[PDB]
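Only one chain is shown below, in structure tokens, and it's the form deposited in one PDB entry.
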């Protein structure tokens, strides 16, 4: 059934599973036209498909040409997401195919179920978890590859860098969710926290800075402070 707090540890067992977030597939800016009407302009998007146990991220870049001449784009985007996730599954060797796909938004359930009919044993699940994956485009290297794309492209990353050499998947997912929640809540402040110390750099092959264990403790505390500070600002608390 639905993935929630009660069955949280299931995310880090040995049954292969993927989260799918479609929040950045169809991205637009809204603007006025010469005649004073409003129009949208699409920008490149992406599907965020993540194995929470291993950190493997299948970033499918959705180029704006996908939308050319199409109607009802917010609806089409869910079906395009499902088409691409199905194509990814089919491309994987059998022993790498997921046993469950967890969609972050319940409106993806029917499109994915329909595209996955050839895989009756892959469970398609919603979640009651509020997950901050919409902030993936606040990770500079991910945003850069999406914006530079001139055609559809799949790019593979490990969203945990090398953290699993030192921490469990559970802890790595916690850290990722905290960082993304902070980036979603106050992107500028979160980036300042991450990049303020010039002596700590991001490896060419990484997404996040090379913090020591003790530095991660400090960074995580600064991210929690940021989230709490923003809450007090919003609610006047």
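Basically, rigid core = biggest C-alpha set you can superpose within 1.5 Å across the two forms. Residue numbers count along the first chain shown, from 1.
Keep in mind that the form solved in complex with a partner chain is missing from the display, and what follows is about it.
Taking a 4.5 Å heavy atom cutoff to the partner chain in the deposited complex, the contact residue among 162, 96, 140, 128 is 140. When contacts are judged by a 4.5 Å heavy atom cut-off, residue 200 does not count as touching the partner chain in the deposited complex. Shown alone here, residue 205 lies farther than 4.5 Å from the partner chain in the deposited complex, counting heavy atoms only. Note that among 207 to 215, 186 to 194, 47 to 55, 164 to 172, the stretch whose heavy atoms approach the partner chain to within 4.5 Å in the deposited complex is 186 to 194.
Once the rigid core is used as the reference frame, the Cα position of residue 188 differs between this form and the one not shown by less than 2 Å. The Cα shift for residue 33 between this form and the one not shown, taken after rigid core superposition, is 2 angstroms or larger.
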